[PDB]
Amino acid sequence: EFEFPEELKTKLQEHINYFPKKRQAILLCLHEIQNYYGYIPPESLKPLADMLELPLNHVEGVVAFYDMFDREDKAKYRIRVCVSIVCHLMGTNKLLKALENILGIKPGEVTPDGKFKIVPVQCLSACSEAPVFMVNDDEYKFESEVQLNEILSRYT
């Protein structure tokens, strides 16, 4: 039987108690689960459904619909790279080349240590600072390979 570690379950209960209805907390709970495990473990969904008082198929359908949730790959740090119009115009391909030179991986791949996954995303709405990437919650303009290397060195 899969069980949420007490420190996670406490946070999930806080989200569920925050909104007037429990089911409104579903996305905040799944963010919290992904933050804890580095992905959404399939086994996590049944106990979450129970806490939200929703059918399991409802929760599964929500996880499948929302692109930020990942049931496939565990990663400590998600490098979200914008592949939309403005970042493409201003040098997404230079950022991807620099990421491949430093980490040895392409969009969709995880480093062999499970540290970094490159996630291609649509417009991150920081287009004046193109090309844009995030490292988990942190968001940056890509300037050059030397600058990117310094930034990535801060994630240990």
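Quick note: we count residues from 1 along the sequence shown, nothing fancier.
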Which has the higher mean CA temperature factor in the PDB entry, 12-20 or 132-140? 12-20
Higher avg CA temperature factor (38-46 vs 85-93, as deposited) belongs to 38-46
Based on what the PDB entry reports, which of 102, 64, 127, 27 has the top C-alpha B-factor? 102
Grab the CA temperature factor for residue 114 from the record and place it in the lowest, middle or highest third of its chain. highest
By the record's CA B-factor, is residue 56 among the lowest, middle or highest third of residues in the chain? highest
